[PDB]
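K.L.:
Coordinates in upload-v8.cif, mmCIF, N, CA and C atoms, are listed below.
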```cif
data_start
loop_
_atom_site.label_atom_id
_atom_site.label_comp_id
_atom_site.auth_asym_id
_atom_site.auth_seq_id
_atom_site.Cartn_x
_atom_site.Cartn_y
_atom_site.Cartn_z
N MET A 1 0.84 -1.23 0.00
CA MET A 1 0.00 0.00 0.00
C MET A 1 0.87 1.26 0.00
N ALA A 2 0.38 2.33 -0.63
CA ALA A 2 1.09 3.61 -0.67
C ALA A 2 0.88 4.42 0.62
N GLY A 3 1.98 4.85 1.24
CA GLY A 3 1.91 5.68 2.44
C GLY A 3 2.63 7.01 2.25
N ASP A 4 1.95 7.97 1.64
CA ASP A 4 2.54 9.28 1.32
C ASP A 4 1.96 10.42 2.19
N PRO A 5 2.67 10.81 3.27
CA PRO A 5 2.28 11.97 4.09
C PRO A 5 2.76 13.30 3.48
N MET A 6 3.77 13.22 2.60
CA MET A 6 4.33 14.39 1.91
C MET A 6 4.73 15.52 2.88
N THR A 7 5.19 15.15 4.07
CA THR A 7 5.61 16.12 5.10
C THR A 7 6.59 17.17 4.55
N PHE A 8 7.73 16.70 4.04
CA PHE A 8 8.75 17.58 3.44
C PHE A 8 8.15 18.51 2.38
N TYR A 9 7.27 17.97 1.53
CA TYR A 9 6.65 18.75 0.46
C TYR A 9 5.69 19.81 1.03
N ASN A 10 4.98 19.46 2.10
CA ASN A 10 4.08 20.40 2.79
C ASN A 10 4.86 21.61 3.33
N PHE A 11 6.09 21.38 3.78
CA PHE A 11 6.95 22.45 4.30
C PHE A 11 7.40 23.40 3.18
N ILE A 12 7.79 22.84 2.04
CA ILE A 12 8.31 23.65 0.93
C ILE A 12 7.18 24.32 0.12
N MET A 13 5.96 23.79 0.22
CA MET A 13 4.80 24.43 -0.42
C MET A 13 4.55 25.81 0.19
N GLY A 14 4.13 26.76 -0.64
CA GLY A 14 4.09 28.16 -0.24
C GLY A 14 5.20 28.95 -0.92
N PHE A 15 6.39 28.36 -0.96
CA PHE A 15 7.51 28.93 -1.72
C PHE A 15 7.31 28.71 -3.22
N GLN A 16 6.72 27.57 -3.57
CA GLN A 16 6.37 27.28 -4.97
C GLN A 16 5.12 28.06 -5.40
N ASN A 17 5.34 29.29 -5.85
CA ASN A 17 4.27 30.16 -6.35
C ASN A 17 4.89 31.43 -6.95
N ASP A 18 5.78 32.05 -6.18
CA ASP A 18 6.58 33.18 -6.65
C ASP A 18 7.99 32.71 -7.04
N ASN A 19 8.69 33.50 -7.86
CA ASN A 19 10.03 33.13 -8.33
C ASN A 19 11.05 33.16 -7.18
N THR A 20 11.17 32.05 -6.46
CA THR A 20 12.11 31.94 -5.33
C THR A 20 13.02 30.71 -5.48
N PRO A 21 14.30 30.81 -5.05
CA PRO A 21 15.23 29.67 -5.07
C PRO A 21 14.66 28.43 -4.36
N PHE A 22 13.91 28.66 -3.28
CA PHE A 22 13.24 27.59 -2.55
C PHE A 22 12.10 26.98 -3.39
N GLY A 23 11.35 27.85 -4.07
CA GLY A 23 10.27 27.41 -4.94
C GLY A 23 10.75 26.56 -6.11
N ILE A 24 11.93 26.89 -6.65
CA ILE A 24 12.54 26.11 -7.74
C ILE A 24 12.74 24.64 -7.33
N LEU A 25 13.11 24.43 -6.07
CA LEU A 25 13.27 23.07 -5.52
C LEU A 25 11.94 22.30 -5.60
N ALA A 26 10.90 22.85 -4.97
CA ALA A 26 9.56 22.24 -4.98
C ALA A 26 9.06 22.02 -6.42
N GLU A 27 9.27 23.02 -7.27
CA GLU A 27 8.84 22.97 -8.67
C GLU A 27 9.54 21.82 -9.42
N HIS A 28 10.86 21.73 -9.27
CA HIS A 28 11.64 20.71 -9.99
C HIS A 28 11.36 19.29 -9.46
N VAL A 29 11.15 19.14 -8.15
CA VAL A 29 10.82 17.83 -7.58
C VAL A 29 9.36 17.44 -7.88
N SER A 30 8.50 18.45 -8.01
CA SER A 30 7.10 18.23 -8.39
C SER A 30 6.99 17.78 -9.85
N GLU A 31 8.08 17.98 -10.61
CA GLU A 31 8.19 17.48 -11.98
C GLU A 31 8.17 15.94 -12.02
N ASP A 32 8.78 15.31 -11.02
CA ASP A 32 8.85 13.85 -10.94
C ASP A 32 7.49 13.25 -10.54
N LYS A 33 7.34 11.93 -10.69
CA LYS A 33 6.07 11.26 -10.38
C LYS A 33 5.78 11.27 -8.87
N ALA A 34 6.83 11.43 -8.05
CA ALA A 34 6.69 11.47 -6.58
C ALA A 34 6.14 10.14 -6.02
N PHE A 35 6.22 9.08 -6.82
CA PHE A 35 5.73 7.76 -6.41
C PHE A 35 6.72 7.10 -5.42
N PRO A 36 6.23 6.67 -4.23
CA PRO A 36 7.08 6.08 -3.17
C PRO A 36 7.96 4.91 -3.66
N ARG A 37 9.21 4.88 -3.20
CA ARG A 37 10.17 3.83 -3.58
C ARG A 37 10.72 3.13 -2.33
N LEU A 38 11.53 3.86 -1.57
CA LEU A 38 12.19 3.34 -0.37
C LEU A 38 12.82 4.50 0.41
N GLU A 39 11.96 5.34 0.99
CA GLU A 39 12.39 6.55 1.68
C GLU A 39 12.92 6.23 3.09
N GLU A 40 12.02 5.84 3.99
CA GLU A 40 12.36 5.45 5.36
C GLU A 40 12.95 6.62 6.19
N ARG A 41 14.15 7.05 5.84
CA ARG A 41 14.83 8.14 6.55
C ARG A 41 14.89 9.42 5.68
N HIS A 42 15.51 10.47 6.21
CA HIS A 42 15.63 11.74 5.48
C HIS A 42 17.03 11.93 4.88
N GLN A 43 18.04 11.33 5.50
CA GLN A 43 19.43 11.44 5.04
C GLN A 43 19.60 10.86 3.62
N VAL A 44 18.93 9.74 3.34
CA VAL A 44 18.96 9.14 2.00
C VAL A 44 18.46 10.14 0.93
N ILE A 45 17.40 10.87 1.27
CA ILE A 45 16.86 11.91 0.38
C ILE A 45 17.91 13.01 0.14
N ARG A 46 18.60 13.39 1.22
CA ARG A 46 19.70 14.36 1.14
C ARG A 46 20.75 13.92 0.11
N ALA A 47 21.20 12.67 0.24
CA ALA A 47 22.20 12.10 -0.67
C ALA A 47 21.75 12.16 -2.14
N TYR A 48 20.52 11.72 -2.40
CA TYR A 48 19.97 11.71 -3.77
C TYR A 48 19.92 13.12 -4.38
N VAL A 49 19.26 14.06 -3.70
CA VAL A 49 19.10 15.42 -4.23
C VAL A 49 20.46 16.12 -4.43
N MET A 50 21.39 15.93 -3.50
CA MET A 50 22.71 16.57 -3.58
C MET A 50 23.58 15.95 -4.70
N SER A 51 23.26 14.72 -5.09
CA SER A 51 23.99 14.04 -6.17
C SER A 51 23.48 14.49 -7.55
N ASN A 52 22.18 14.78 -7.65
CA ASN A 52 21.58 15.24 -8.91
C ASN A 52 21.68 16.77 -9.07
N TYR A 53 21.21 17.51 -8.07
CA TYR A 53 21.22 18.97 -8.12
C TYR A 53 22.57 19.54 -7.66
N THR A 54 23.25 20.26 -8.54
CA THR A 54 24.50 20.94 -8.17
C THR A 54 24.23 22.35 -7.64
N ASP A 55 22.99 22.81 -7.82
CA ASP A 55 22.58 24.15 -7.39
C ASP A 55 22.63 24.28 -5.86
N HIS A 56 23.42 25.23 -5.38
CA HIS A 56 23.65 25.41 -3.94
C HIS A 56 22.35 25.67 -3.17
N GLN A 57 21.48 26.50 -3.73
CA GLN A 57 20.19 26.81 -3.10
C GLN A 57 19.29 25.56 -2.99
N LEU A 58 19.26 24.73 -4.04
CA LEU A 58 18.44 23.52 -4.03
C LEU A 58 18.95 22.51 -2.99
N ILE A 59 20.27 22.37 -2.90
CA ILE A 59 20.90 21.53 -1.88
C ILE A 59 20.64 22.07 -0.46
N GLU A 60 20.95 23.36 -0.27
CA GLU A 60 20.81 24.03 1.03
C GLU A 60 19.38 23.92 1.57
N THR A 61 18.40 24.31 0.75
CA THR A 61 16.99 24.23 1.13
C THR A 61 16.62 22.84 1.66
N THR A 62 17.07 21.80 0.95
CA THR A 62 16.77 20.41 1.33
C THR A 62 17.34 20.04 2.70
N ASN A 63 18.67 20.16 2.87
CA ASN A 63 19.30 19.76 4.14
C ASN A 63 18.88 20.67 5.30
N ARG A 64 18.47 21.90 4.98
CA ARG A 64 17.92 22.82 5.98
C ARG A 64 16.59 22.28 6.53
N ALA A 65 15.65 21.99 5.63
CA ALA A 65 14.35 21.43 6.01
C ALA A 65 14.50 20.11 6.79
N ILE A 66 15.37 19.23 6.29
CA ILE A 66 15.68 17.97 6.97
C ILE A 66 16.22 18.23 8.39
N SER A 67 17.21 19.11 8.50
CA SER A 67 17.78 19.48 9.81
C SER A 67 16.71 19.95 10.79
N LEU A 68 15.85 20.86 10.32
CA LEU A 68 14.76 21.40 11.15
C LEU A 68 13.82 20.28 11.62
N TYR A 69 13.34 19.46 10.69
CA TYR A 69 12.41 18.37 11.01
C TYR A 69 13.03 17.31 11.95
N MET A 70 14.34 17.40 12.18
CA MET A 70 15.00 16.54 13.16
C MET A 70 15.16 17.27 14.51
N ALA A 71 15.91 18.38 14.50
CA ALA A 71 16.19 19.15 15.72
C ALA A 71 14.91 19.72 16.37
N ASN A 72 14.04 20.31 15.55
CA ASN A 72 12.77 20.87 16.04
C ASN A 72 11.87 19.78 16.63
N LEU A 73 11.82 18.63 15.96
CA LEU A 73 11.02 17.49 16.42
C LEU A 73 11.50 16.99 17.79
N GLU A 74 12.79 16.66 17.88
CA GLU A 74 13.39 16.18 19.13
C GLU A 74 13.18 17.18 20.28
N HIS A 75 13.40 18.46 20.01
CA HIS A 75 13.23 19.51 21.03
C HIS A 75 11.76 19.89 21.24
N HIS A 76 10.85 19.17 20.60
CA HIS A 76 9.42 19.26 20.94
C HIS A 76 8.96 18.01 21.70
N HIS A 77 9.78 16.96 21.67
CA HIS A 77 9.60 15.81 22.57
C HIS A 77 10.32 16.07 23.90
N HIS A 78 11.38 16.89 23.83
CA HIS A 78 12.11 17.34 25.02
C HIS A 78 12.36 18.86 24.93
N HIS A 79 11.57 19.66 25.65
CA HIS A 79 11.70 21.12 25.56
C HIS A 79 11.73 21.78 26.95
N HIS A 80 12.94 21.86 27.52
CA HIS A 80 13.17 22.49 28.84
C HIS A 80 12.31 21.87 29.96
#
```
What do you get writing this file as structure tokens?
P.N.:
Amino acid sequence: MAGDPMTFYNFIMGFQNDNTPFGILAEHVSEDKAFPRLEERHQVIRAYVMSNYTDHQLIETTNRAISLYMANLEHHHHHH
């Protein structure tokens, strides 16, 4: 069965509307079928996008969102 929450995509949505370096990422990845393969973790996604996209903004945006969804998540399970 397909299990697509599209969490990462939900975060980048909003930028995909006006001409923004962040929007270009969402736009170019939205070009693909987005059909689930073998995601599991976020680091694997980092490796794939950084291997295909040489664009610094496209790489940065990705590992930034990934970093946030890790650090922010953990510090919302443990917050002072």
K.L.:
Taking the file as shown, find all residues satisfying the PyMOL selection byres (((chain A and resi 68-78 and name CA) around 10) and name CA) and write them as an mmCIF file with N, CA and C atoms, in the coordinates of the input.
P.N.:
```cif
data_model
loop_
_atom_site.group_PDB
_atom_site.id
_atom_site.type_symbol
_atom_site.label_atom_id
_atom_site.label_comp_id
_atom_site.auth_asym_id
_atom_site.auth_seq_id
_atom_site.Cartn_x
_atom_site.Cartn_y
_atom_site.Cartn_z
ATOM 1 N N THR A 7 5.190 15.150 4.070
ATOM 2 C CA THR A 7 5.610 16.120 5.100
ATOM 3 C C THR A 7 6.590 17.170 4.550
ATOM 4 N N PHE A 8 7.730 16.700 4.040
ATOM 5 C CA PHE A 8 8.750 17.580 3.440
ATOM 6 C C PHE A 8 8.150 18.510 2.380
ATOM 7 N N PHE A 11 6.090 21.380 3.780
ATOM 8 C CA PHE A 11 6.950 22.450 4.300
ATOM 9 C C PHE A 11 7.400 23.400 3.180
ATOM 10 N N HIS A 42 15.510 10.470 6.210
ATOM 11 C CA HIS A 42 15.630 11.740 5.480
ATOM 12 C C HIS A 42 17.030 11.930 4.880
ATOM 13 N N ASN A 63 18.670 20.160 2.870
ATOM 14 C CA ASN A 63 19.300 19.760 4.140
ATOM 15 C C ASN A 63 18.880 20.670 5.300
ATOM 16 N N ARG A 64 18.470 21.900 4.980
ATOM 17 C CA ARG A 64 17.920 22.820 5.980
ATOM 18 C C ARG A 64 16.590 22.280 6.530
ATOM 19 N N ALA A 65 15.650 21.990 5.630
ATOM 20 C CA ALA A 65 14.350 21.430 6.010
ATOM 21 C C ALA A 65 14.500 20.110 6.790
ATOM 22 N N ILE A 66 15.370 19.230 6.290
ATOM 23 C CA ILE A 66 15.680 17.970 6.970
ATOM 24 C C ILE A 66 16.220 18.230 8.390
ATOM 25 N N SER A 67 17.210 19.110 8.500
ATOM 26 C CA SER A 67 17.780 19.480 9.810
ATOM 27 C C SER A 67 16.710 19.950 10.790
ATOM 28 N N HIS A 79 11.570 19.660 25.650
ATOM 29 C CA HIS A 79 11.700 21.120 25.560
ATOM 30 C C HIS A 79 11.730 21.780 26.950
ATOM 31 N N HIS A 80 12.940 21.860 27.520
ATOM 32 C CA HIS A 80 13.170 22.490 28.840
ATOM 33 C C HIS A 80 12.310 21.870 29.960
#
```
K.L.:
Quick check, in Å to one decimal: how far apart do CA of residue 26 (chain A) and CA of residue 59 (chain A) lie?
P.N.:
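So the answer is 11.8 Å.
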K.L.:
Restricting the calculation to only C-alpha atoms: of A:9, A:28, A:40, A:19, which residue gets closest to residue 55 (chain A)?
P.N.:
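With only C-alpha atoms as the atom set, the closest residue is A:28.
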K.L.:
Residues of chain A in helix (DSSP H, G or I) according to DSSP, as a ChimeraX atom specification?
P.N.:
/A:7-12,21-30,43-52,56-77
K.L.:
Grab the residues selected above and save them as a short mmCIF file (atom, residue, chain, number, x, y, z; two decimals), keeping the file's coordinate frame with N, CA and C atoms.
P.N.:
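Result written to again-v7.cif:
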```cif
data_model
loop_
_atom_site.label_atom_id
_atom_site.label_comp_id
_atom_site.auth_asym_id
_atom_site.auth_seq_id
_atom_site.Cartn_x
_atom_site.Cartn_y
_atom_site.Cartn_z
N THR A 7 5.19 15.15 4.07
CA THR A 7 5.61 16.12 5.10
C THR A 7 6.59 17.17 4.55
N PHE A 8 7.73 16.70 4.04
CA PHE A 8 8.75 17.58 3.44
C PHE A 8 8.15 18.51 2.38
N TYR A 9 7.27 17.97 1.53
CA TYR A 9 6.65 18.75 0.46
C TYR A 9 5.69 19.81 1.03
N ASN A 10 4.98 19.46 2.10
CA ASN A 10 4.08 20.40 2.79
C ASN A 10 4.86 21.61 3.33
N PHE A 11 6.09 21.38 3.78
CA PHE A 11 6.95 22.45 4.30
C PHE A 11 7.40 23.40 3.18
N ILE A 12 7.79 22.84 2.04
CA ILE A 12 8.31 23.65 0.93
C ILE A 12 7.18 24.32 0.12
N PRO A 21 14.30 30.81 -5.05
CA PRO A 21 15.23 29.67 -5.07
C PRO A 21 14.66 28.43 -4.36
N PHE A 22 13.91 28.66 -3.28
CA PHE A 22 13.24 27.59 -2.55
C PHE A 22 12.10 26.98 -3.39
N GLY A 23 11.35 27.85 -4.07
CA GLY A 23 10.27 27.41 -4.94
C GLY A 23 10.75 26.56 -6.11
N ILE A 24 11.93 26.89 -6.65
CA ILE A 24 12.54 26.11 -7.74
C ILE A 24 12.74 24.64 -7.33
N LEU A 25 13.11 24.43 -6.07
CA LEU A 25 13.27 23.07 -5.52
C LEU A 25 11.94 22.30 -5.60
N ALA A 26 10.90 22.85 -4.97
CA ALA A 26 9.56 22.24 -4.98
C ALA A 26 9.06 22.02 -6.42
N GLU A 27 9.27 23.02 -7.27
CA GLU A 27 8.84 22.97 -8.67
C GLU A 27 9.54 21.82 -9.42
N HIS A 28 10.86 21.73 -9.27
CA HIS A 28 11.64 20.71 -9.99
C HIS A 28 11.36 19.29 -9.46
N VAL A 29 11.15 19.14 -8.15
CA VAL A 29 10.82 17.83 -7.58
C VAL A 29 9.36 17.44 -7.88
N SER A 30 8.50 18.45 -8.01
CA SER A 30 7.10 18.23 -8.39
C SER A 30 6.99 17.78 -9.85
N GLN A 43 18.04 11.33 5.50
CA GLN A 43 19.43 11.44 5.04
C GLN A 43 19.60 10.86 3.62
N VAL A 44 18.93 9.74 3.34
CA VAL A 44 18.96 9.14 2.00
C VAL A 44 18.46 10.14 0.93
N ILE A 45 17.40 10.87 1.27
CA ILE A 45 16.86 11.91 0.38
C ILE A 45 17.91 13.01 0.14
N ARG A 46 18.60 13.39 1.22
CA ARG A 46 19.70 14.36 1.14
C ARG A 46 20.75 13.92 0.11
N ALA A 47 21.20 12.67 0.24
CA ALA A 47 22.20 12.10 -0.67
C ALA A 47 21.75 12.16 -2.14
N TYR A 48 20.52 11.72 -2.40
CA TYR A 48 19.97 11.71 -3.77
C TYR A 48 19.92 13.12 -4.38
N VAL A 49 19.26 14.06 -3.70
CA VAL A 49 19.10 15.42 -4.23
C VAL A 49 20.46 16.12 -4.43
N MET A 50 21.39 15.93 -3.50
CA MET A 50 22.71 16.57 -3.58
C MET A 50 23.58 15.95 -4.70
N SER A 51 23.26 14.72 -5.09
CA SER A 51 23.99 14.04 -6.17
C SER A 51 23.48 14.49 -7.55
N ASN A 52 22.18 14.78 -7.65
CA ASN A 52 21.58 15.24 -8.91
C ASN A 52 21.68 16.77 -9.07
N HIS A 56 23.42 25.23 -5.38
CA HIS A 56 23.65 25.41 -3.94
C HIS A 56 22.35 25.67 -3.17
N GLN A 57 21.48 26.50 -3.73
CA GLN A 57 20.19 26.81 -3.10
C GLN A 57 19.29 25.56 -2.99
N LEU A 58 19.26 24.73 -4.04
CA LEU A 58 18.44 23.52 -4.03
C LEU A 58 18.95 22.51 -2.99
N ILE A 59 20.27 22.37 -2.90
CA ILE A 59 20.90 21.53 -1.88
C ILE A 59 20.64 22.07 -0.46
N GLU A 60 20.95 23.36 -0.27
CA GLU A 60 20.81 24.03 1.03
C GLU A 60 19.38 23.92 1.57
N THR A 61 18.40 24.31 0.75
CA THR A 61 16.99 24.23 1.13
C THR A 61 16.62 22.84 1.66
N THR A 62 17.07 21.80 0.95
CA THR A 62 16.77 20.41 1.33
C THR A 62 17.34 20.04 2.70
N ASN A 63 18.67 20.16 2.87
CA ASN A 63 19.30 19.76 4.14
C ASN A 63 18.88 20.67 5.30
N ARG A 64 18.47 21.90 4.98
CA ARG A 64 17.92 22.82 5.98
C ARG A 64 16.59 22.28 6.53
N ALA A 65 15.65 21.99 5.63
CA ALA A 65 14.35 21.43 6.01
C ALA A 65 14.50 20.11 6.79
N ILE A 66 15.37 19.23 6.29
CA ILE A 66 15.68 17.97 6.97
C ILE A 66 16.22 18.23 8.39
N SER A 67 17.21 19.11 8.50
CA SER A 67 17.78 19.48 9.81
C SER A 67 16.71 19.95 10.79
N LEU A 68 15.85 20.86 10.32
CA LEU A 68 14.76 21.40 11.15
C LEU A 68 13.82 20.28 11.62
N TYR A 69 13.34 19.46 10.69
CA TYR A 69 12.41 18.37 11.01
C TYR A 69 13.03 17.31 11.95
N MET A 70 14.34 17.40 12.18
CA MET A 70 15.00 16.54 13.16
C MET A 70 15.16 17.27 14.51
N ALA A 71 15.91 18.38 14.50
CA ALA A 71 16.19 19.15 15.72
C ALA A 71 14.91 19.72 16.37
N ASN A 72 14.04 20.31 15.55
CA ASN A 72 12.77 20.87 16.04
C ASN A 72 11.87 19.78 16.63
N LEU A 73 11.82 18.63 15.96
CA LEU A 73 11.02 17.49 16.42
C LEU A 73 11.50 16.99 17.79
N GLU A 74 12.79 16.66 17.88
CA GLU A 74 13.39 16.18 19.13
C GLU A 74 13.18 17.18 20.28
N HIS A 75 13.40 18.46 20.01
CA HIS A 75 13.23 19.51 21.03
C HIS A 75 11.76 19.89 21.24
N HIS A 76 10.85 19.17 20.60
CA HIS A 76 9.42 19.26 20.94
C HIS A 76 8.96 18.01 21.70
N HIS A 77 9.78 16.96 21.67
CA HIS A 77 9.60 15.81 22.57
C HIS A 77 10.32 16.07 23.90
#
```
K.L.:
Go ahead and compute the interatomic distance for atom C of residue 1 (chain A) and atom N of residue 34 (chain A), in Å to one decimal.
P.N.:
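Spanning atom C of residue 1 (chain A) to atom N of residue 34 (chain A) is a straight-line distance of 14.3 Å.
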K.L.:
A:38, A:46, A:10, A:4: which is nearest residue 61 (chain A), counting only C-alpha atoms?
P.N.:
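Of A:38, A:46, A:10, A:4, the one nearest residue 61 (chain A) is A:46, counting only C-alpha atoms.
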K.L.:
Taking all atoms of region 69-74 of chain A that appear in the file, build a box with edges along x, y and z, extend it by 5 Å on every side, and state its centre and edge lengths in Å to one decimal, as JSON.
P.N.:
```
{"center_x": 13.6, "center_y": 18.5, "center_z": 15.5, "size_x": 15.2, "size_y": 14.7, "size_z": 19.6}
```
K.L.:
Separation of CA of residue 23 (chain A) and CA of residue 2 (chain A), in Å?
P.N.:
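Distance reported for this atom pair: 25.9 Å.
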K.L.:
Counting only C-alpha atoms, what is within 8 Å of residue 21 (chain A), bar same-chain residues fewer than 4 positions away, as a ChimeraX atom specification?
P.N.:
/A:25,57-58
K.L.:
Can I get the selection written as a CSV table (one decimal), in the frame of the given file, with N, CA and C atoms?
P.N.:
```
chain,number,residue,atom,x,y,z
A,25,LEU,N,13.1,24.4,-6.1
A,25,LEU,CA,13.3,23.1,-5.5
A,25,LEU,C,11.9,22.3,-5.6
A,57,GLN,N,21.5,26.5,-3.7
A,57,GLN,CA,20.2,26.8,-3.1
A,57,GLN,C,19.3,25.6,-3.0
A,58,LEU,N,19.3,24.7,-4.0
A,58,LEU,CA,18.4,23.5,-4.0
A,58,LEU,C,19.0,22.5,-3.0
```
